[PDB]
């Protein structure tokens, strides 16, 4: 046969790897994430693209930042929905208006303007049932808010007095802590952001008018955000993006992710630079990893660290290149006129000599490093040591079907 | 070179094309129906094919953008 | 500059496996382009329409349009279109004409001379980057708002730029993936995939998104109901062909062995004139398109000295194209390019003579046009393909662009419509000759 | 498939590249190479800052903790700024209770920032980590040198360690100029990469030893050359696999693991650059009497 | 294809090629 | 086209273009432009290589002076020179135009004795007898920087209802466009000692705007609420044009009551607290260029040795038409040694480009090439005058870094990709400062130490 594993053994190994990739790796709220997304800014956020990790579960926290468990309800805080007459002199600058050429957190932080007058409560509490944009007869698209009957009735009664006054759509504002004794725990003040500023002029109470918009064709995202801001009950942020809070612990996770992704693309190499057939060429690697995770859980005596994970890169590395050393050996020598008649027995006698040397070359560094190094080096060489002893025997015996695999078929030059 | 020099070609071509046109009729309704039919079907074949793919994905971008 | 590996075909073999991907590769390429040519780019501004004021938003220009397969309406992930392919095509075939002795490409007294296989597909991937920044940082006030393509955060325009160049990676891959069970090679496969962004609604698509839900109206979709003028022009091209499809494809009249019925395809006779025409038009349409593509101007299209002599260039440059044709068709086509493939692999309809009879095909049908598609003289061929370009572009067209793009994809529709006919039979059993010469003919 | 052209150009080219190695060591002496946290002790602060945000505010808090303007040694990648300065004085160390000067990170109105981590290692403690770091590093290289000598040949062992170290010392002198800390992670990275790059040396050298033992009356040095041209492409393919691994590490390590990734990324890339071929040619000159 | 050999498998190639629509466009999966 | 006339009084010296009817030169007779001289200081200017001026007029769709036109109209003035003296307090200069339907527009500059404010009185006579809606208008337009010949410079806007705002001419790589609606107010341009401004006295809301009017020319203005003028009626709109001392409180006493920052700042962060300006840019360029140690050579050697004769360059296109099931093996078979260069493929081309364009961008708009860094040997990094060493030096340095194994040949394809570089570079970088040029020399200095001995 071309495969050198017996058939029930090969099935049995194939069962084993597919069953194994279920382990550990597995893990309206989602329309109000745009509003929740402006509150994450102010912390150094280069690109504030917001994402759900479940139906009611929203994921967006920054890279590496000190503890956010203090900030959960601060960041989740809602507005009172108090809407009251103000005066914006001259500029007519407002936070969602500022977002139209696209938005940036310092430009957004410094977005907004002084209000010269800022008093006289017209609408308060729940009172919005909708918001939407409509083309209108002003040449430039118009955003509208749809108000409830009781709210409508209040606006309807006080229309004629207020007609021409600036009227404030108001959501939360940040505020300096009183004590100033730690990072990221300053409470929000619930009705001091002028998100949009617009003037009363509706003769219809249940329909309120919000300033028209300069978006080139887009308008639904901006449309949704106003009713997202009003109809949101608090969202407390969760989970992480691989990247995520706590810098030194984030390194570990964003390196462990890296050894899984690194592994995955190493297989894509195999697929990309060589002829596919069965799972033969992938087979000794999956058995090496398993024995590595096996020996380590039988021996829980250390502690995890990114120097460990670097040993995990180092020990991944020997595993991937050792497979490459035996594949390219057999073809190239077959190509250069090395025997066909005596092939498999001579591939047993000479195809494994650089597989040994690499593994020995790898081991003596690891041994010397463990003895003489401090700190990370011990961390690094320990995880490696088991893996390098493990990989060598896995490969010398376990990569042997490779020799039959690539002496097969056309005897033409490879 | 390649300007207003190199004869004899353009004027000869014009009388050539007029005289390939000449000895026969230039149109006929049903032969027009066959070429429009293959043409139509080939447009329809594409249109059903991206009707079950991009036309569905772009419905959402109408709705949410 | 260059690299050689990394754009390339799937692994394959014989024996009794893999039988179901019949027309999947041939015509899937066309559907693949359509998904990425209709869809918005990454970003907060990507359904971008042209300006109604001075300070903001882009402008429509035909040069962008005809080679994009787009137009402002959206800015799409494949919205480089055919423009870098045709632009490589001019660099690596039309700029090498200089000094015949070191020119190459010409006839030798020796047999053969092939060497250019790798240039077009990889030439596309030098221009794609420069083009991709050029439109993204082009137009009087940007395409939409204000993104710059070197942003490591606020990176949406950079994201469209990456999406275009990796899209050209993928569009190139589509051209040469056919080999497992498809058909076609060279330029033709790419063009058939590339300009196929319009046709059905007349316009270059996005009835999609725009007429969906609670949207009221978009003014540009006024011209979309006019599909009869679009099909009238594409017919008018078909019309000029000699109309001949005749009799039965049974027994010894077959162009399929074992047929009952005969493929209702006219034999197209005007196909040869299209080879020189495209190369004559695209070298004039390139510097105006460059200036259109990297276009600018304060509040409106740049109309200063140099850019006046390029930007509304259209009508004079097309007249220069109609004149210049003679020099691609006289001393160059047939000495560069191959005279092979007149009508033997294009005709799939039955009957060797009309009426099935010995001798007597006639001047009025196909005989005398047949003589000048083969014997010495190349007066007829290129001119008859300038009459439909003139008709269509003198009155324009509800496609959002005129021009020679709307000559090329129509001819490759005739070409593939013949090819698909005998494809199960050719995949099943060996066919002596596969297309790759195109009828390259001049004097 | 056969026929390679580059060999005479290459060893000469290695030769001009030599003066860039001279230059790198001169930066090591002139601007200094010794800097770190593990390496000799250090005080480190890492912060995320938005670009248009006021850094003079950020400087005001570090001023207040007591850190001074030449002493603050600046590094940054993507969205994170990383500042490193000598060991904190007296009883005013880096983790100290009270004062509350750096606790103003994470509240803003223009200086839009977030604290990630704060670090402190003291001087004699940092010193043992650096000297052991410096020994650990050297003994592993020495040990590999000695293996390739006994295993195969000493003229080639010395030509290998010369060639593969040259692009390492050139890349290092660029880092030296930039004031990169040479922590035990840089030591681990220097001793991670030697082998994935040198595995390419190993295959050619195995073939050269094997080709040399079979031959009878013919000359060694002709067959050395052929041994290169036989195993050439294999060396190029070889460690393509490890390079895929380090690139995934580089994508998700982003800014905070960038120089660790950059030493790995350049480290797997030296076997095919300066390489076996230059190494073999010098040992060939030496063998030829 | 190229003369230096390597294989881009087609199922993965189509899936990667039409990813961009279902990922990095805004509003479609997530509104910002 | 059109002609220049002289208009003189005790503190004011004005020069009035018939083309557009505007004041395009003004001088201050009371302030000489240097010690022990009789030459006045120049205020407005319009000659080639700098513009600074007011533009007067009335706008809208039939309005003559509108700033969206082609060339401004050819106004008639009766006189070729005007001098004010005893017997009259006020000199009036009417610039007069009649547009095609037969309306008479007049813009009258009026100048009093002992003052720097010039009243501008705009009139339309509706003599073509149909409806008009006509809008009062001003522009003030100024070049970014003025080279010596004999920044404080910028624009300002004020309203009576908000804070004054102003913005200087050191950070225009783009600009704001200004959408301000206000009654009352004024719009100004600023400089050392001196200013100009428009102070429209007009009733109702004004629309302000600011703009670029070409590369490093900034502008600021107003359009007042359309005035309805009836058939056979004469109508009137009123502004004051200031041309003298920078006193901001004066105007409100007179009046009726793209580019962004992320890559540029990121490259700032890798040396923030150093404070030695030009010095950091050229050092971080050596470092970044040293990251690019294979990459820069990889760029070079992929424009070098592009072909390998006829047999090698052709590959895997004729073979596809065959259809035969072996083609996947044959691909792998073909090139082994062979590495033929077909122009592009993205990767030794793309990666390098954004850092050196960010370095271009920073250095072009720079505010930091003003002082000489202590450690550098060269002074005067903002110098860009003709007749200096650094651009020839860079021309020769560009040329050197393409040398050393180029291997020439006389093929049409791709050879002159090597050799067009110093030709495009030397002419394109010969304009603009020494510190732009000096950056390309230290950028090329990494390739140079791999070329020859140098310290």
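Think of each number as a place in line: the chain as shown, counted from 1.
Placed from the backbone N, Cα and C atoms, the Cβ positions cover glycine too.
Here's what Swiss-Prot has on this protein:
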- A:81-228: region 'Required for protein export' (REGION)
- A:258-274: transmembrane segment (TRANSMEM)
- A:275-278: topological domain 'Cytoplasmic' (TOPO_DOM)
- A:300-303: topological domain 'Periplasmic' (TOPO_DOM)
- A:304-320: transmembrane segment (TRANSMEM)
- A:321-365: topological domain 'Cytoplasmic' (TOPO_DOM)
- A:366-382: transmembrane segment (TRANSMEM)
- A:383-387: topological domain 'Periplasmic' (TOPO_DOM)
- A:388-407: transmembrane segment (TRANSMEM)
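Nonlocal intrachain contacts for the topological domain 'Periplasmic' (A:300-303), taken as residues 6+ away from its ends with a CB within less than 8 angstroms of a stretch CB, comprise 382. Remote same-chain residues near the transmembrane segment (A:258-274) are listed as 281-282, 289, 309, 312-313, 316, 320, 323, 327 (criterion: CB distance under 8 Å, separation of at least six residues from the stretch ends). Residues of the same chain lying 6 or more positions beyond the ends of the transmembrane segment (A:304-320) and with a Cβ under 8 Å from any Cβ of it are 248, 251-252, 255-256, 258-259, 262-263, 266, 285, 288-289, 292, 358-359, 362, 375-384, 387-388, 391, 395.
Calculated from the flanking Cα atoms, the unmodelled 198-residue segment between residue A:27 and residue A:28 spans 21 Å.
Same-chain residues lying 6 or more positions outside the topological domain 'Cytoplasmic' (A:321-365) and placing a CB less than 8 Å from one of its CB atoms are 270, 274, 281, 284-285, 314, 384-385, 388-389, 391-392, 395-396, 399-400, 402-407, 411, 413-414. Under 8 Å from some Cβ of the transmembrane segment (A:388-407) lie the Cβ atoms of residues 1-5, 277, 280-281, 283-284, 287-288, 291-292, 295, 315, 318-319, 322-323, 326-327, 330-331, 334, 340, 343-344, 347-348, 351-352, 355-356, 359, 362-363, 366, 414, all in the same chain and six or more residues away from its ends.
Mapped onto DSSP classes, the region 'Required for protein export' (A:81-228) shows 27 helix, 44 strand, 77 coil. Residues of the topological domain 'Periplasmic' (A:300-303) grouped by DSSP class, helix first, strand second and coil last, total 0 helix, 0 strand, 4 coil. Within the topological domain 'Cytoplasmic' (A:275-278), the DSSP-based counts of helix, strand and coil residues read 0 helix, 0 strand, 4 coil.
Away from its own ends, the topological domain 'Periplasmic' (A:383-387) comes close to residues 288, 292, 295-296, 299, 308-309, 311-312, 314-315, 318, 362-363, 366-367, 370 of its chain (Cβ-Cβ under 8 Å, at least six residues beyond either end). Residues 2-3, 405 of the same chain lie 6 or more positions beyond the ends of the topological domain 'Cytoplasmic' (A:275-278) yet place their CB under 8 Å from a CB of it. The topological domain 'Periplasmic' (A:383-387): residue composition by secondary structure is 5 helix, 0 strand, 0 coil, according to DSSP. Counting residues per DSSP class in helix, strand and coil order gives 36 helix, 0 strand, 9 coil for the topological domain 'Cytoplasmic' (A:321-365).
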